[PDB]
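The next block holds one structure in the form of structure tokens; read it before the comments.
Derivation of every value follows stated rules applied to the coordinates shown; laboratory data play no part. Methodologically, a virtual Cβ is constructed for each residue, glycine included, from the backbone with ideal geometry; neighbour enumeration extends over all protein chains shown.
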2 protein chains.
Amino acid sequence: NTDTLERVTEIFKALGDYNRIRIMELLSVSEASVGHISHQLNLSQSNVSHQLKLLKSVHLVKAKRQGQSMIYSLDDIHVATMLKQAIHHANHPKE
Amino acid sequence: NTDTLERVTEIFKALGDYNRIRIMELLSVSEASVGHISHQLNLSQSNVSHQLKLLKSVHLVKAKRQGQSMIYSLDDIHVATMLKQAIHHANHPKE
Ligand SMILES: [Zn+2]
Ligand SMILES: [Zn+2]
Ligand SMILES: [Zn+2]
Ligand SMILES: [Zn+2]
Ligand SMILES: [Zn+2]
Ligand SMILES: [Zn+2]
């Protein structure tokens with residue numbers, strides 16, 4: 001319906017960012033904490049936390065506390081498939 | 001690589017629009033011409049053509065001339081899967 005399409009608009013508007021894409025891509029390889037994400041991608045923890053908060057609000061990523069810190073990961077299989085299909089579509093030959 | 005992620009950013013930034021999503025969704029059901037798309041969605045042909053041009057430049061949609069008018073469709077299976085997985089993710093229950 002109408003409301004459903006608005007929600008998907010939300011989802012895509014959240015992926016339309018270079019650094020959020022780098023965060024998603026990294027998460028598609030392995031779940032991780034803010035420090036790890038911040039270290040590997042060279043983004044500050046505060047910026048990383050700010051982006052994850054947005055990504056989480058549209059259900060693109062989820063978080064679970066394990067030990068001391070929160071461990072982030074792609075919400076579910078739909079998100080992973082969606083992302084991986086897009087990455088691949090961007091790389092294969094297109095004449 | 002770096003350039004690949006910029007390209008996927010492009011793709012998602014193009015889907016982050018309510019009307020472009022309505023055009024993609026309609027195309028995911030059936031290929032169609034500008035007039036059909038414009039009629040069904042109540043968007044003018046000029047606006048529809050403008051959006052398709054953008055969608056085409058990032059390889060989200062493709063066009064083929066059949067008869068007199070151009071027939072548009074999702075570029076390939078990756079685009080269709082990507083879109084359908086997202087639509088579904090937006091609708092299923094998420095607690
Ligand atoms: Zn930063
Ligand atoms: Zn499902
Ligand atoms: Zn493809
Ligand atoms: Zn219009
Ligand atoms: Zn393929
Ligand atoms: Zn889902």
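Brief remarks follow.
- Residue check, B:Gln68 more than 16 Å from ligand 2 (Cβ to nearest atom) and under 10 Å from the mean Cα position of the chain (by Cα): no
- Residue list for the range A:43-66, restricted to those being away from every other protein chain (no Cβ under 13 Å) and under 18 Å from B:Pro93 (Cα atoms): A:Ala63
- Of all residues assigned to the range B:57-75, none qualifies as being surrounded by fewer than 19 Cβ atoms within 10 Å (Cβ to Cβ), away from ligand 6 (no atom under 14 Å from the Cβ), small (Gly, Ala, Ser) and under 23 Å from A:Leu60 (Cα atoms).
- Pairs where the first residue, in the range B:67-95, is within 8 Å of another protein chain (Cβ to nearest Cβ) and over 15 Å from B:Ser28 (Cβ atoms) and the second is more than 16 Å from ligand 4 (Cβ to nearest atom) and in a loop (DSSP other than H, G, I, E, B), C-beta under 7 Å, 6+ apart: B:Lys94/A:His59
- Looking only at the range A:1-21, and only at residues there that are of a type in the set (D, E, K, R) and more than 7 Å from every other protein chain (Cβ to nearest Cβ), the one that is nearest to A:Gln51 (Cα to Cα): A:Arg20
- Going through (1) out of contact with any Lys or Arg (no Cβ under 8 Å at 6 or more places or on another chain); (2) closer than 25 Å to B:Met82 by Cα; (3) buried (at least 19 other Cβ atoms within 10 Å of the Cβ) one by one, A:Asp3 falls short only on (3).
- Count - residues of the range B:49-64 that are under 11 Å from the mean Cα position of the chain (by Cα) and within 14 Å of ligand 4 (Cβ to nearest atom): 2
- Of the residues making up the range B:15-44, those that are closer than 20 Å to B:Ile71 by Cβ and in contact (Cβ under 8 Å) with a residue 40 or more places away in the chain are B:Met24, B:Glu25, B:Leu27, B:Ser28, B:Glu31, B:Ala32.
- Qualifying residues in the range A:16-56 (those that are under 19 Å from B:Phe12 (Cα atoms) and among the small types (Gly, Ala, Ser)) - the one surrounded by the fewest Cβ atoms within 10 Å (Cβ to Cβ): A:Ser28
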